[PDB]
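Let's start with one chain on its own, the form deposited in one PDB entry, as structure tokens.
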């Protein structure tokens, strides 16, 4: 018998509204989700890299600074792994849903007005939630040097959970798993995802490994 303590949290009200808007509205082009995933990974990698300039020991948990992308058609998942800074449990609580972001309301208003489209979500400090354009459930595993490995999970509906993660140790960094919506499984096609990764990684200064899994 396995035992696990799970803590349940409620999304900040405006973040809840945004997630509802992202999930319950048709958007023609949803490619932004991948740009946001890679962007976040690159930012996380920059953070640990600059920390290592002033403190070399911070890299001992995992020497390589890299991104891995794994489309898994059988599992119906897209996974992105980075060896960036990672998030502590409290980092996840704060950054992944409970704290208000000042861009949230203004983004929603601009979406409704036509002043902004969904592709601009990253400019408003809420890029993470673009994952729900293509995924029903998002799982975020993370390991920061300061904490144990934790896993954040949400299928929206106003709540998320966080628990200690006893799955494969990351060493350091973040593994985000998108459980893809049936109508968005095209994003797992080998050539399509290859192309999109190349397109959305032109300025990314870390190696990217694209691993196509077949069963």
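Residue numbers count along the first chain shown, from 1. The term rigid core refers to the most C-alpha atoms you can superpose between the two forms while keeping them within 1.5 Å.
Keep in mind the form deposited in another entry is missing from the figure; the text below concerns it.
Chemist: Fit the core first: which of 111, 96, 80, 133 then shifts its CA by 2 Å or more between this form and the one not shown?
Modeler: Of all the options, the C-alpha that shifts by at least 2 Å belongs to 111.
Chemist: Closer or farther: the C-alpha atoms of residue 103 and residue 138 in that other deposited form, versus the form shown, with a change of 3 angstroms or more?
Modeler: Relative to this form, farther apart in that other deposited form.
Chemist: Which is it in that other deposited form for the CA atoms of residue 19 and residue 112, closer or farther than here, knowing they shift by 3 Å or more?
Modeler: So the answer is closer.
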